[PDB]
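Enquirer:
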Amino acid sequence: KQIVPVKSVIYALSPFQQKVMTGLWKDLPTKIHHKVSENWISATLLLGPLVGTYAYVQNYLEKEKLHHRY
Amino acid sequence: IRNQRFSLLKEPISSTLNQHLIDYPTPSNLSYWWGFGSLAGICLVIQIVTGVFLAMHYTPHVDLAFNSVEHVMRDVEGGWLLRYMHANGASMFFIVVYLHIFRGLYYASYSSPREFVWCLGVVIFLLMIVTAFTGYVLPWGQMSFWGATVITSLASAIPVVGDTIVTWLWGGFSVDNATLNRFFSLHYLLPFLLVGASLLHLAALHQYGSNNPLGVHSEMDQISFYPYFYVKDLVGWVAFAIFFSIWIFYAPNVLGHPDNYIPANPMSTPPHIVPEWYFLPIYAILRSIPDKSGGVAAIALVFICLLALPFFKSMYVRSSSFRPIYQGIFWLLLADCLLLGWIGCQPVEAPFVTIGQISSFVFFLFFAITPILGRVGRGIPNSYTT
Amino acid sequence: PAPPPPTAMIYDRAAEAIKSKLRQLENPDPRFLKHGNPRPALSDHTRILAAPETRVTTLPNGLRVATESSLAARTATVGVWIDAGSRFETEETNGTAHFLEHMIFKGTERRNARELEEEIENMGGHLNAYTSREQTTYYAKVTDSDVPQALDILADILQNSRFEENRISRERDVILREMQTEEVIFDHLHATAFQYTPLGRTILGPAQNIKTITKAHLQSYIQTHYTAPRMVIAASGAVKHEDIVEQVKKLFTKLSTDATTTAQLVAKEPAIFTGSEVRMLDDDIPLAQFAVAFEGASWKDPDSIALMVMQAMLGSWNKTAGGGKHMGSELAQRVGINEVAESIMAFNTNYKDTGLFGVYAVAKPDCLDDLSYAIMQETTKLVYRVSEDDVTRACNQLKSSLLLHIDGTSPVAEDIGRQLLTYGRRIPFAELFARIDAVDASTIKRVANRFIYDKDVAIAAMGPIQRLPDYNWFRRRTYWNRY
Amino acid sequence: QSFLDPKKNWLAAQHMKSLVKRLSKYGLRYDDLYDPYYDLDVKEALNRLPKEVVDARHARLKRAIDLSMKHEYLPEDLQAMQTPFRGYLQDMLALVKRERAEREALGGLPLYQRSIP
Amino acid sequence: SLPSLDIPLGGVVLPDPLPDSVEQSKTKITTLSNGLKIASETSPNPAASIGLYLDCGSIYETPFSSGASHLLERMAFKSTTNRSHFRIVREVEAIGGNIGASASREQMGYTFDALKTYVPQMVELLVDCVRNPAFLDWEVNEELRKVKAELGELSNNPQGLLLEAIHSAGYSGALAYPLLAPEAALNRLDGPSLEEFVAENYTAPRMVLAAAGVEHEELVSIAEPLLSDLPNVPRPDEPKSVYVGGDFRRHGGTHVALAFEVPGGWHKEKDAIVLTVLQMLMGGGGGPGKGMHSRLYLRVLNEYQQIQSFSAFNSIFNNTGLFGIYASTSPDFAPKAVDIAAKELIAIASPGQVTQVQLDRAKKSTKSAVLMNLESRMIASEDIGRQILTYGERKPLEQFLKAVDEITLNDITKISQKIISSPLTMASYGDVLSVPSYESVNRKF
Ligand code: HEM
Ligand code: HEM
């Protein structure tokens, strides 16, 4: 494990010469749009089987319950 | 440079601590998902301290275990806080370990260099499972006693020595005082073995370096660990503290089972014997295929697959951020694991057993599809080359 | 905008150039690969190995004359090989062999000292001499028509040599001035392996014993060790066997006649290998040089060819070697890949009743432990796991080395003399090849189990050897516990 | 391969488009994802690669890591000028693998072995 | 359970012995129409040596390369277009052969040694390696690093350093290019430079494939499908070198060396023989037969003590010659050693100072040295290659022997006078702050 060198020029500003928490709640609609658009497939795949399986189980249990109602 | 003394961190008394906790170079682009290892270490330390302070008021006897627990709750000043911290922190320790494991699965933090890190993590997972099981048996509640009985009855699955092994582990012909004392001693012993395993885990990772969300070779842009990743870890610790206080002071027994507050009655049995919520995926894998030796073999196969995950080859692209198919497979795996855990807390009726059978198949299909995808995608650059 | 063209940036241009080079390198040519094969296999050389008949004649006095006649050659090499050396002489006379070698060309009853050199130079041939621990050689390379003169000179210096006190003193001064790190390592290894044995003592001998020799010990040593049965006249090149025999009969008549023989001397004082180790730590030399050796096999041992193949498998590697990392021998491959040793070489030595087989290495003080581990690991793989491919490669290499070492009339004569003194006969090339081919993986494993498996070692190290592993380490690594 | 060619397969074409979009955001080529610590054949190939190419790869990796740390992507112009899948390592990696394969076939010893962790 | 080595091993299919007087074979030369000279001769020993030689070297080198010959010698039998370095060495070791590469100012060669059985393998490997080598950058860099190390530890042999200094100082042109690359030239050397040098210089007319123990028919049958398809590039004009003389003085005892230039080299065959015989007569030193009774040994070495080494050297190139004396003495007596060497050089020039017996001994020593040197297969193949590269054919040894017979006192004195007339070249290395000036030493001749 050894550090590799890269020719670069780095300009950095003091932490007390710039705003700290103002950049958090900035461009929030754009950030939310990126989160939604870049991850909608992943959210569908994560919550797809869960919701469909829950609905199927609920339907099966309801069908059995009314079937055994005498 | 060594002629006269310099910064005391570089001195031999603090040299190793400095090199491994302050000046250790880590990638600068690590997300908040990398604080879960330190958070799990904090949870383990919390469990050790809280258990050490609970063992001063706990008597491992069948006629005194539940009464001692209630004495801790009521008579001991702050004992209710102590036991709630212990139980809910075991729950959060398993939560953060699950997040740790799944983040590693997503970012392929195991593939070529951290195979030993992943193997040590699997050993740590086994140790945590055993320790949590024995600790849950310790209060000697109805659910604790019957879960201990059932899970030890799984040991009667080896065709030759299963009965001998289960009888020797029970300390007799049934779960009784001998089993309680045995489990108390083991539950005290294992967390220190867990500490040793965690130290080996950290050292093995520090041999090569932490993976990054990009999965790329990260040595050109690295920063010292202390000034930049202690504050991020502090943010993670404070958020976890808020979550932990929420689950202790307002919903203490939500994660627990109500039947554990009934004194253990060997004659009677609860209508539904279910382990703790964090053993539910393993229990569902057990009960998916109908058998006992088959279920034990399935659990062993699960652990063998976890151990053999890092040893697959041709996984040149590490991070799942640059693998759409693998990202979809991982998200399907996470959904499958959640569904399996939910199934583990359900009866053995027809839809539940069918879904459990399907879920385990998907779980192993993840461990096959990953090598298949790696081998298929090894030839990506020649095909998309422009 | 648009992506830059592949011939716009420096890195893109370099990548394109190297990709083009790799593409042009990718395609092979079958016409340039039809015959060659990188996997060694046994081959038949019966037709190739045709050599002139080596005629050997035994005179009634016990003298042996061997000739390899080749009338096409314009030169020839005529020499005398004597079964004598540092071993067959007592402690009180240790430098006598070397001193006699130095005095053999310094004066005689008729050719004098400067007159002999003038005659040799006018003849144009070179008259050389050398004494080993068990063999002595005085040989002259001369043109075809000068063979009788060379034989007469050899007979004169062997029989009618007279030593003067002034010349003895001058040669003693020269020897003291003369008194090679590899040579000193080998001498120390021989001493520490054959302590309390004539092979242990060095050829040069102690300085006091060298100075205490004058005109009597030399004559006694000649009369004792230069008898007719122990001398072989080897002639190679443009020599006629009948003429050589007739001239030897005419000339060599005043030879010493003693009942002592090399076999009787060896039986009286045999050679015993004592496992031991000597370390000369100096740290002022940049390189550390150490040799490790085992029991080994004698000249008349059927496993001598197996030891030759074994040391061929162990191999030799040098920093200037063309092969580098890419070589047949596993030890050489490991050394070249890891850059641990400056120069490694497996050496096999054979004597009348024992030998020395091992590895001599030169390396930096930092890599000594790794080099020693590699040496021991390969030497123990040599008994535990042997590959048929490696055995075939080593057999081919040994055959090639033995045949390429011939390369001239003087080495032909040297081979004839040495093989006679060692065996009683000159092994033909076809029989030697059959002996080499009879060695396979099973034979190598058996011989290595006989000689290396859990056997005492002789270690001789010099230099910055503070990192070298010790004798117990070497002795335990001599065997494997996994098998 | 038939199904892996974007021309003959629509699924492969969409996968290639998504991969190009993902790589161009951080401005690093596909071969930059290869880890020298992974196979050590990548390590040997990068050792044999020219210094200019290695330096450019390291600069691209540093830029990608900095962008990931800043939680931002390359601007639109640089994303347009980004050219992923312009290979620089595949040929030398294949050559190293072929040399290793022939060395293994003809007995031999590995020129380098991954240290046991 | 094989028998002991004393006892013959059972039953063998050993062949019948060769006759005592096998007919010595004459060299056979065939010119492939692109201009490539394939030569062979038959030898009775089972060992065959095959070399392949070219007119390349420092003389044909350009100022761009300055070390290409040395690096090609180091980059010999490396990875080629058809097979890699591992395959090269494995093929070499499978048959047990040995490879070698020699680089000189005028001509450089690649030699291969193995049994007579593996003739096709030797020819194939040599032709492949010479014709189409792949100058890989990593291999070139490794060889460059090795040459850096060698130059960093090059002072251990001052004789080669002095010879290189003499060749660099007494010449100005093609022959002045050093055989060892300097630091800057080594740094700027690389794979493309080597490939361009080989492509522009390894042209068909300048290859001689010589065989020492290979039948001509087999060698031709193996080498025709491998060298016939080669461009017929005309031979470039021989690079020109002019002699100017000079002095080289380096500080690092002290080792001095004087030298001159006899006009005409190997092409002036009789004068080359006279130069070799004169060098043998000079001899030198630092058992009997190693020039112990040479003139320098008799009059300079043993007579005058404190002289560590004193010998004579020569170097003969195509249409060029160089002869001189290398000395290595204590720094206190360097000027007197230089004066003694000058006096010896003048004494040889003056007629009547060489005994007839001494010259007869020198002739006998030269004849014996040549005869015993050409007794090796490698030397035989090298002689074939060099002779064909120089004269276009392998001159019979009888011509050389007859020239050595024909040399005489008048001829040797005339050649010494021609040696003296040429401008003096000097090279001194070591404690060189007490040696005499170049002008002062030159005024003695
Ligand atoms: C050596 C340190 C430890 C000691 C002495 C200890 C001791 C105890 C005791 C006495 C109890 C029963 C008291 C009660 O639950 O109110 C208990 C419960 C428990 N322990 Fe531990 N423990 C230790 C570490 C751990 C660790 C590391 C874990 C997690 C792996 C763990 C998991 C549990 C669990 C899940 C329970 C059940 C809590 C409940 O619902 O009643 N313990 N432990
Ligand atoms: C006792 C519970 C555990 C603790 C205290 C723990 C602690 C840590 C720590 C401190 C790190 C380094 C910081 C980091 O990279 O996040 C780490 C990394 C890691 N852990 Fe764990 N760990 C635990 C359980 C596990 C488990 C069960 C696994 C699964 C095999 C695992 C796999 C890993 C991996 C792969 C890394 C490398 C992270 C990366 O490079 O991306 N850990 N762990």
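Residue numbers (the working numbering), protein chains in the order written: chain F, 344 to 413; chain H, 1352 to 1737; chain D, 15 to 497; chain S, 164 to 280; chain V, 3 to 447. The beta-carbon is built from N, C-alpha and C at its ideal position, and this holds for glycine as well.
1) Within the same chain, show all residues whose beta-carbon is closer than 8 Å to that of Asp385 (chain V), passing over the 5 residues directly before and after it, in chain order.
2) In the region 119-145 of chain D, which residue ranges form an unbroken beta strand (DSSP E) of at least 3 residues, counting only runs that do not cross its ends?
3) I'd like to know whether the C-beta atoms of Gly1472 (chain H) and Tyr1612 (chain H) end up nearer to each other than 8 Å.
4) For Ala1391 (chain H) and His1552 (chain H), what's the separation of their Cα atoms in angstroms?
5) Alpha helix (DSSP H) containing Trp1491 (chain H): first to last residue?
6) For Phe199 (chain V) and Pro160 (chain V), what's the separation of their Cα atoms in angstroms?
7) I need the boundaries of the alpha helix (DSSP H) containing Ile258 (chain D), first residue and last residue.
8) My output table needs one value for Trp313 (chain D): the three-state DSSP class, helix, strand or coil.
9) Under 8 Å Cβ to Cβ from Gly98 (chain V), same chain only, skipping five residues before and after it: list those, please.
10) By how many angstroms is the C-alpha of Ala105 (chain V) removed from the C-alpha of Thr392 (chain V)?
11) Taking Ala1459 (chain H) as part of the beta strand (DSSP E), name the residues at either end of that continuous run.
12) Excluding the 5 residues preceding and the 5 following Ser311 (chain V) in the sequence, name in chain order all residues of the same chain whose CB lies nearer than 6 Å to its CB.
13) Any heavy atom of ligand 1 inside 7 Å of the beta-carbon of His1538 (chain H)?
14) Taking C-beta pairs closer than 8 Å, name the residues in chain D that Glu215 (chain S) reaches, listed in chain order.
15) Kindly list, in the order they appear in chain F, the residues whose Cβ is closer than 8 Å to that of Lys225 (chain S).
16) If you count every other CB in all the chains shown that lies within 10 Å of the CB of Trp140 (chain V), and 16 or more means buried, which is it?
17) Taking 8 Å as the limit between beta carbons, can you name the residues of its chain near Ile1480 (chain H), skipping five residues before and five after?
18) Is the beta carbon of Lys260 (chain S) less than 8 Å from the beta carbon of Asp204 (chain S)?
19) Can you tell me whether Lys420 (chain V) is buried or exposed, with buried defined as 16 or more other CB within 10 angstroms of its CB?
20) From the DSSP output, in three-state form, read off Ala22 (chain D) for me.
21) Going by C-alpha distance, which of V:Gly37, V:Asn36, V:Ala96 is nearest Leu56 (chain D)?
22) Which runs of the alpha helix (DSSP H), 4 residues or longer, sit entirely within the region 1364-1449 of chain H?
23) So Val15 (chain V) is in the beta strand (DSSP E); what residue range does that whole segment cover?
24) Would you kindly check if the distance between the Cβ of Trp494 (chain D) and the Cβ of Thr363 (chain D) is under 8 Å?
25) Give a single yes or no on whether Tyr1461 (chain H) has its beta carbon closer than 7 Å to a heavy atom of ligand 4.
26) Would you say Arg266 (chain S) faces chain V, with C-beta separation under 8 Å as the test?
27) Along chain H, in chain order, which residues have C-beta atoms closer than 9 Å to that of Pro358 (chain F)?
28) Which one of D:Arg147, D:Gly214, D:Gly431, D:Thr107 has the shortest CA to CA distance from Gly289 (chain D)?
29) State whether the region 303-320 of chain D contacts the region 368-378 of chain D, with contact taken as three or more CB pairs (one from each stretch) at a distance under 8 Å.
30) Can you grab the Cα-Cα spacing for the pair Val356 (chain V) / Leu411 (chain V), in whole Å?
31) Measuring only the C-alpha atoms, how far is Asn1604 (chain H) from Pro1675 (chain H)?
32) Which residues in the same chain as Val1423 (chain H) place their Cβ atom closer than 8 Å to its Cβ, once the five residues preceding and following it in sequence are excluded?
33) Quick check on DSSP: helix, strand or coil for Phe287 (chain D)?
34) Applying a beta-carbon distance threshold of less than 9 Å, which residues of chain S neighbour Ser51 (chain V)?
35) Based on the DSSP output, what are the partners of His257 (chain V) in its beta bridges?
36) Quick one: using the 10 Å Cβ neighbour count with 16 as the cut-off for buried, is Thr21 (chain D) buried or exposed?
Expert: From the atom records:
1) Setting aside the 5 residues that flank it on each side, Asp385 (chain V) is surrounded in the same chain by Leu376, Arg396, each with a C-beta closer than 8 Å to its C-beta; the list follows chain order.
2) Entirely contained in the region 119-145 of chain D, the beta strand (DSSP E) runs reaching 3 residues are, in chain order, 140-145.
3) Not a contact, by the Cβ cut-off of 8 Å.
4) Between the alpha carbons of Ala1391 (chain H) and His1552 (chain H) lies a gap of roughly 12 Å.
5) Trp1491 (chain H) -> no alpha helix (DSSP H), and no H or E assigned at all.
6) Looking at the two C-alpha atoms, the distance is approximately 30 Å.
7) It spans 255-265 - the alpha helix (DSSP H) in which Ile258 (chain D) sits, taken as one unbroken run.
8) If DSSP states are grouped into helix, strand and coil, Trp313 (chain D) belongs with coil.
9) The residues are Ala116, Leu117.
10) Roughly 16 Å separates the two Cα atoms.
11) That residue, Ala1459 (chain H), is in no beta strand (DSSP E); it is neither H nor E in DSSP.
12) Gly288, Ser330.
13) Indeed, a heavy atom of ligand 1 lies less than 7 Å from the Cβ.
14) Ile24, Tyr25, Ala28, listed in chain order.
15) Neighbours of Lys225 (chain S) across chain F, judged by C-beta separation under 8 Å: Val349, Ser351.
16) With fewer than 16 other Cβ atoms within 10 Å, it is exposed.
17) Same-chain partners within the cutoff: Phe1630, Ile1633.
18) Using a Cβ distance threshold of 8 Å, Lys260 (chain S) and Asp204 (chain S) count as a contacting pair.
19) With 16 or more other Cβ atoms within 10 Å, it is buried.
20) In the structure shown, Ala22 (chain D) adopts coil according to DSSP, grouped into three states.
21) Of the listed residues, the one whose Cα sits closest to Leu56 (chain D) is V:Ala96.
22) Listed in chain order, the complete alpha helix (DSSP H) runs (minimum 4 residues) inside the region 1364-1449 of chain H are 1366-1372, 1387-1405, 1416-1425.
23) Careful: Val15 (chain V) lies outside any beta strand (DSSP E) and carries neither H nor E.
24) For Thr363 (chain D) and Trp494 (chain D), no; Cβs fall outside 8 Å.
25) Questions concerning ligand 4 fall outside what the structure shown contains, since the ligands it does hold are ligand 1 and ligand 2.
26) So yes, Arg266 (chain S) belongs to the interface.
27) Correct list: empty, because the minimum Cβ distance to chain H is about 11 Å.
28) The residue with the shortest Cα to Cα distance from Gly289 (chain D) is D:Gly214.
29) Note that the region 303-320 of chain D touches the region 368-378 of chain D; at least 3 beta-carbon pairs, one per stretch, sit closer than 8 Å.
30) In a straight line, the C-alpha of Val356 (chain V) is about 7 Å away from that of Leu411 (chain V).
31) When rounded, the distance between both Cα atoms is 40 Å.
32) These residues qualify, in order along the chain: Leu1405, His1408, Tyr1409, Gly1430, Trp1431, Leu1433, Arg1434.
33) The three-state secondary structure of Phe287 (chain D), taken from DSSP, is coil.
34) One finds nothing in chain S with a Cβ atom closer than 9 Å to the Cβ of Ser51 (chain V); even the nearest lies about 26 Å away.
35) Bridge partners of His257 (chain V) according to DSSP: V:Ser330, V:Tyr431.
36) Flag for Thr21 (chain D) reads exposed.
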